[PDB]
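Quick setup: the structure tokens below cover two forms of a single protein chain, split into structure 1 and structure 2.
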Structure 1
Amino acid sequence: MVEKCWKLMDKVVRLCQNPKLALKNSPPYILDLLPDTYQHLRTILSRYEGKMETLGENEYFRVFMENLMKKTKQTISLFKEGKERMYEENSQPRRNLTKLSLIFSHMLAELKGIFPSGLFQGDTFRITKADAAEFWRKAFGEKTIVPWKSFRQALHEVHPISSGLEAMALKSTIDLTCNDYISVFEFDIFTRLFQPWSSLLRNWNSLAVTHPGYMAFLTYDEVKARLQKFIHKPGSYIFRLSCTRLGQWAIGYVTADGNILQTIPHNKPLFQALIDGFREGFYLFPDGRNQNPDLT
């Protein structure tokens, strides 16, 4: 099973080595992520020598390998169908490859979070936000992974979701590995990004649903490329999930001096960074728009 995945991963790698892609060495970097995924899968198999029995029963790991196989096939398939439009920056097939790369990066983060040192620890996973942890313990016990419907319904009982369309927006924000399951790890990331728990969904609504600045599934280089058109418009800014520091925010903005910087706010909630940054002239024009949301 794992042997079949490696051969698929191998092909994506050969596919992504094509010079016409001009792929930058910059996270998420598919040429690193697949070998590193392999290496971490090698590590887990090493820690389960003999007891492959136990590993094979593990629910999370089964979901993970299945998604890994699905994702690599989808990638191979995407190159097949896209042919030379893969090399055209700004093409849809190319954008799909970027987003896959991000999904691979999220998958590896999660696998490392659940198997640190290669040994399964999903059942003693320490959720960061105390209120979030209480919700997950009470609804799912020591479960590592739950189906989406299941997650949706439990969450809805504490934080009502307004509508089907909103539920689907929420699912695509939280489901980083795009596998219709929520992991305790995916859960931890979401509740870190959108804390405080007490107003979770309002927070996510204000920062992501109705915010023109928010950029789902965008990478560092995409933020850089996107803000270039606003290079003469200091104060133009957008923000997104950091890919290398999953659970923290990355705000990109155009400075008065013509630089494009990206920063990770610490020691203050994203709300406060945005309010302060508006107040001080750094974060004025979300995606270059003249009107900035009022987050007060």
Structure 2
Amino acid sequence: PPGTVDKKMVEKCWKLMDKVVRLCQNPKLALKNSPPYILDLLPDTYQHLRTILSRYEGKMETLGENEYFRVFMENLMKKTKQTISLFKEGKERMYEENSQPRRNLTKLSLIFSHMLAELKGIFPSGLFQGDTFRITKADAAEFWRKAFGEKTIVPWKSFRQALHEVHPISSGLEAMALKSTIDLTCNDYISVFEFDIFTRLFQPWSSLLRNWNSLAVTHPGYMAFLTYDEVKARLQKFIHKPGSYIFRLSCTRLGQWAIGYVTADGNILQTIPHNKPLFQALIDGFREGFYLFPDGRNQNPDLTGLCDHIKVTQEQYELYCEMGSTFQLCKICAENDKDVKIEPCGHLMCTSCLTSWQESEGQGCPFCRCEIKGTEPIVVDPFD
């Protein structure tokens, strides 16, 4: 658990948000207007923090002791610094839109968008309501209830253990890919907010991990977080091949899928499935003749059977973890660059995370838990 929140610390936390706004306002960045838009998100977050701070005028002591708020204010500060220090490494590079520095900045923009949607849904109108927060899914709610009570936020370790007992997680690699999908704010905790979003995306709860594995980890269709212009641009490659479709998440509508697709007229359209789980929109859109070729590919998965339990290669996980971010980054901390390789499993990571896993009596390789017989140094930005 992080320490307490005295106002001295919310103040620094605002001086930082201001530094990132300045850095990101630079005309050279020519940051795309399109969401997630960090130049809106930070002001907005600042403004809700004030809203919160006003509703706790007398009660400023019981606010400081709120676990969720302590974790959130510490993540906000860490992420705000990671952004600042990003600009400080990247320098001149920040100014070309396809840089790895600029890629990282776009991953962070998303995280800010997730932290605000969490803050607004846990402190609606400025008042803590996390202990009452309703998990949209009966079975999922039961799970959180039975395992966690009215806790708003739980550490990943605890969450992983808990979930494992009902939907078994067979390998550190699967676990790492799971954590990659649920842990939206990237702080090593799961909130009842994130838990609700996930369980909605990958319902029905009865076959949860089996749904995520088939829709997210090994589906060519899955695009994770895309803008709509980004969807159109990826389908344009297939504008002459009716039935081509991809599906994506939307930072402005957490918890819902959006399917893009190519029609026989040479048009890209888009629909939000709302009624069923995604795998039933996809099964139906196939039967109907609309969703045929995921990402342009002729071999489209067979999802029936989601209603003989498809297994996943460790490689498929590894590649899936690499999916969200630049390759340069350690997918343990999501903060530093990779700089070491682990024999004989082959996994990459930053030296800091590795010696940390060891110092904490971790079992072998932080990813797969297999035994290291050796390690070796790698450089991720060779020409700099």
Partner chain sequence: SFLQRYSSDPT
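So that the term is clear: the rigid core is the largest set of C-alpha atoms that superpose within 1.5 Å between two forms. Numbers given to residues start at 1 and step along the sequence of structure 1. Only residues modelled in both forms are compared.
Structures 1 and 2, same chain in two forms; the form solved without its partner chain is found in structure 2.
Note: rigid core superposed between structures 1 and 2; among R245, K233, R62, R42, the CA shift is 2 Å or more only at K233. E222 shows a C-alpha shift of 2 Å or greater between structures 1 and 2 [criterion: core-superposed Cα displacement of 2 Å].
The Cα position of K51 differs by less than 2 Å between structures 1 and 2 after fitting on the rigid core. With a cut-off of 2 Å and the rigid core superposed, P28 has a Cα displacement that falls short of the cut-off between structures 1 and 2. For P212, the Cα deviation between structures 1 and 2 after core superposition amounts to 2.4 Å. At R95, the distance the Cα travels between structures 1 and 2 is 0.5 Å after the core is superposed.
Summarising the core-aligned comparison between structures 1 and 2, the C-alpha atom of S162 is found to shift 1.6 Å. Considering only residues present in both forms and aligning them on the rigid core, one finds runs of three or more residues with C-alpha shifts of 2 angstroms or more between structures 1 and 2 at 215-240, 250-269, 272-296.
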